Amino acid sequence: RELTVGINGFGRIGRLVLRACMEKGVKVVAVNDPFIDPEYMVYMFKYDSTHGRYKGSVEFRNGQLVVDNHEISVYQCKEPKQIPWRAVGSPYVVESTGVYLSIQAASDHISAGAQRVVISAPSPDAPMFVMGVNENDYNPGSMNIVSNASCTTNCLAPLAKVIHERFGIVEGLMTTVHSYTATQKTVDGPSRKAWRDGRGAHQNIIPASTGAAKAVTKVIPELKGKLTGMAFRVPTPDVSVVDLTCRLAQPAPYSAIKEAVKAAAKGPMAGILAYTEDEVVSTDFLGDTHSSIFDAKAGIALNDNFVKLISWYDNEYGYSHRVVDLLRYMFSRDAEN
């Protein structure tokens, strides 16, 4: 009768989800990754190029990963249907492999003994949630497979909600200037499904499609047809920034925009949306747990109804924190039985 968590895919998100669970006191009972044995998991969790050394103890024994004296079972399965989730008492599962994105693909975790699945990416069909925006729409009795959307959606949606509710978004287009990720290549190589994404990640500014802005209209249905966008991948290893250009229905002097964002940050979006007026740059958000940090000085108003709003996000770390927040939220709701 406590939340327990299983992680499938011990990657950037998977490992940082474990870090967040340790920080928040969420019990992780098992990790599955066929490419990382237990001894190697210790190394990959202990040392991080982006987020530093884990501040605590990491060891292995008895085929287990032991973090701050918490024993975590380690499985080595290539397919969700192979994973023995029943053995660790039917945990809530984070699907962070990147390759099981549909209800059908993720449902094999349920039949292998998972109580619920949270897909750590947009899904073509599983219901999507962004904490601070639409988590109340989760239904414990009808949804065992959900999605926590993307990092970009988690940055954009809270800001879009604040702005739309105060001023009215008539239409908006967004760009994210985004750090490279594990799907990209060190040098020019094959990416048949998205050719630009094969090009050397460290050498290039790379345009890339993203459903993340429209995704904000799955989580904020009033914005259907009113928001879309795209990405540029650039040579930084973490932290990204949303640039939202929108036309507003009611006049929105920039002072009124700042006040609305601050009010949201201090109140209902505390911990999700933050507000700064400092002269920040991307590294200043390494390790930041917010979904969206509004950059007051970087935005521009052409006029009272046409503005460019800028918001930062640690795409690895903020998102991993939201995965945990969504799990905890789901569990508190699922207690409705």
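Residue positions are given as counts along the sequence shown, with the first one as 1.
For the pair 217-225 and 96-104, the mean B factor over Cα atoms is greater in 217-225. Once the C-alpha B-factors are averaged per stretch, 61-69 and 290-298 rank with 61-69 first.
When the Cα B-factors of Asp284, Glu277, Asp48, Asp37 are read from the PDB record, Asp37 comes out highest. Of all the options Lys81, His164, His202, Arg196, the entry's greatest CA B-factor is assigned to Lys81. Among the modelled residues of its chain, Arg116 has a C-alpha B-factor that falls in the middle third, as given in the PDB entry. For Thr210, the recorded CA temperature factor ranks within the middle third of the chain's modelled residues.
Placement of the Cα temperature factor of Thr152 within the chain: lowest third of the modelled residues, per the deposited record. In this PDB entry, the Cα temperature factor of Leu273 sits in the middle third of its chain's modelled residues. Annotation for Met41: CA B-factor lies in the middle third of the chain's modelled residues.
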